[PDB]
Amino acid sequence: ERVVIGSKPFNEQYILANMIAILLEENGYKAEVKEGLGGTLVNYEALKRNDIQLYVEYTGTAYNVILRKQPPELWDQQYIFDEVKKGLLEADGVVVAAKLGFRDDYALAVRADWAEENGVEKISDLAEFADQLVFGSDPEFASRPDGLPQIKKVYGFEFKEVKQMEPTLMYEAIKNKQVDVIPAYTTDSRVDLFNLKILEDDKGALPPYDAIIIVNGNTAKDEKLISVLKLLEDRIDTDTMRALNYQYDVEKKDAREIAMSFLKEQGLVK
């Protein structure tokens, strides 16, 4: 049977989607990875109407963006997971099949040398400078309720200008001073490579983004399919994902091969 895997447009989405495809294919499915749908909302819409059967979402995204729930006073990872799992099920029959084992958080990043000069270590240190800085969003952060609107509300500042670009372009854009602040993805080692500095989210504005495989309700009836997805439960930690991402973004290796190498190493395929 046919299984189409969605993806948002960045490294680990391609890698994980392919990882899932290989495991499904090893268990009798014809799996494909669909690319270029767009972001969170379009992937979730696609999942609901069965254009895709499953994709890799993050808890904090599902909570704030998809379910449009209100930030608690404190972010608690397992609480957000529990509420996402219940809310997706209650709303659309969407099933959280598996936790992959890693967070890929939004984290605000600046150039390290600028941060060092200005004594900027945490997001509230940006307040002094924010109305002079250019923000380089990925396609979603600028407009998402847990993105800049959350930075605005919790820290009380907006940036001078907001540019949007594909996720992968953020890192060079800030390195080359086209922008000054980016919502870096914490599974992307180009933060270190390009000499950027993640700022502490000292007021806890941003939620946890635990990577989860979500499946639409009709597909989740397939228990064998579900059980294949669960082979990945907790199997991919942040350093593993960062390493696999590096292989994609810096080594320019194919997403399927990166996935296959990982699965072979882990004894998940022989």
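Position 1 is the first residue in the sequence shown; the rest follow in order.
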query	finding
Of 257 to 265 and 8 to 16, the stretch whose C-alpha atoms average the higher B-factor in the entry	257 to 265
Stretch with the higher entry mean CA B-factor, where the candidates are 201 to 209 and 30 to 38	30 to 38
Residue with maximal Cα B-factor (values as given in the PDB entry) among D188, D76, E140, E161	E161
Identity of residue with top Cα B-factor, from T59, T219, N245, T238	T219
Chain-relative CA temperature factor third for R103	lowest
B-factor third for the C-alpha atom of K177 within its chain	highest
Third of chain Cα B-factors occupied by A130	middle
Ranked against its chain, the third holding the CA B-factor of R111	lowest
Chain third (lowest, middle, highest) by recorded CA B-factor, residue given as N118	highest
